[PDB]
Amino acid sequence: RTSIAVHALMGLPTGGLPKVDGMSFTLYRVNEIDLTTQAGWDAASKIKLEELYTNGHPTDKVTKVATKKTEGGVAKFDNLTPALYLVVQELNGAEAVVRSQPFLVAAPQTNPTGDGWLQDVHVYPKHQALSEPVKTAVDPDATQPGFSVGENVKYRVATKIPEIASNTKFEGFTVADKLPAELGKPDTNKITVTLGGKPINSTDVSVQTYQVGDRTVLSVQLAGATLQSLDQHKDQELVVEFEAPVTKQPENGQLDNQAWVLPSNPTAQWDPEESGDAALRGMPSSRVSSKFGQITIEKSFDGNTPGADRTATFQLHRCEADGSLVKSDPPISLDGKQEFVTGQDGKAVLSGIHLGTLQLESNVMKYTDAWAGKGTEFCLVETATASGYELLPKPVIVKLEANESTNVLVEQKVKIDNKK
């Protein structure tokens, strides 16, 4: 009884590399090869790997034995019958990599010293790592700072093309992004794809969206000439950019996005944030988290609930440190509204204010305030009030801000009592 110990090495073959855990391998037995005979030994020497395995799947010429992941640098398939085996690295490892090709392993083998049989065989397939893509958010329109509800966000996903084993090809190359639920569908005229800062043969690039529950997945897949020559673009970036509408305030204030890179072109619509053991494992991007806030106005009229015949109107603005309006400061628009009227209960809710974004910059997570450089705070200006009441003469400062630690909705309640 024999064993095959698979050690998954990260690095480039030549023609002591680090062993990697969580690399997934399936062991198959090669049918009808008896290496103790000349019939079988010579059949083994004629074998074309494409006969045993082709198009990402085994043929009927092999029988599956088991599948497992490396741990402590090894996936050991123990208690094996003497046979010719085929070791297949799979796409469902703990981390996404450019996987090893299928390869044959006889068990037992002769000890390299010649001194007897080697029952416990070791093999050392090489794979190449995928770098974590860098996802950022950009405000695509500067008319209003940020991307509060009612405006569009833009995302940029930069993926490095790894150097792969000489004379091998990428199996495929997919970048997928399951947009957060608060976003609408991406504008198809604003999805762009560049490789090495160059546009790609659009015939080779398949841009698709599909719904998975209440979220849109955007998928960019390289195929054809472009995929075939992608091994010549080592260390270049594939950059996907897109815009989408911010349609609602995240309930927890967090508008969070990640993308994923998969070195494969799945035939089924792939959800990169799918779960189980068989799931094709993508390499996740850096996270982007945009922070939102909400202002609630609680209006009273000489201490009373306003009721049916009293209402006030406010606009949201930015103010300088002295409480004065920023020069030429426009009213802030939220979900297409630019003023806010108090209800009979005195409430007015200003929701979906995008405050800023936490994203990777030079490999460090950094928060940027979307309103940086437009004053120092938000403020409310009362533009109308009830019959016989006096308007508030100055903006009402409202402290509403986020930072790198923000992980719930930022709120401020503003109690305002109107006076005769």
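Start at 1 and count along the sequence shown; that's the residue number.
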Handout entry: Unmodelled deposited residues flanked by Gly15 on one side and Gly16 on the other
Key = 10 or more
Exercise for the section: Identify the stretch, either 136 to 144 or 119 to 127, whose C-alpha atoms have the larger mean B-factor according to the entry. Expected result: 136 to 144
Practice task
Quick one: say whether 239 to 247 or 225 to 233 has the higher mean Cα B-factor in the deposited entry.
Solution key: 225 to 233
Handout entry: Per the PDB entry, maximal CA B factor within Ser351, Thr26, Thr383, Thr59
Key = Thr59
Fill in the blank from the handout: Among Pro199, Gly253, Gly114, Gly343, the highest C-alpha B-factor in the PDB entry belongs to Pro199
Exercise for the section: Check where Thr70 lands among this chain's C-alpha B-factors and tell me if it's the lowest, middle or highest third. Expected result: middle
Practice task
Place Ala165 in the lowest, middle or highest third of its chain's C-alpha B-factors, as listed in the PDB entry.
Solution key: middle
Practice task
Sort the modelled residues of this chain by their C-alpha B factor and say whether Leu262 lands in the lowest, middle or highest third.
Solution key: middle
Handout entry: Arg156 - Cα temperature factor, lowest/middle/highest third of chain
Key = lowest
Exercise for the section: Quick one: classify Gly150 as lowest, middle or highest third of the chain based on its Cα B-factor. Expected result: middle
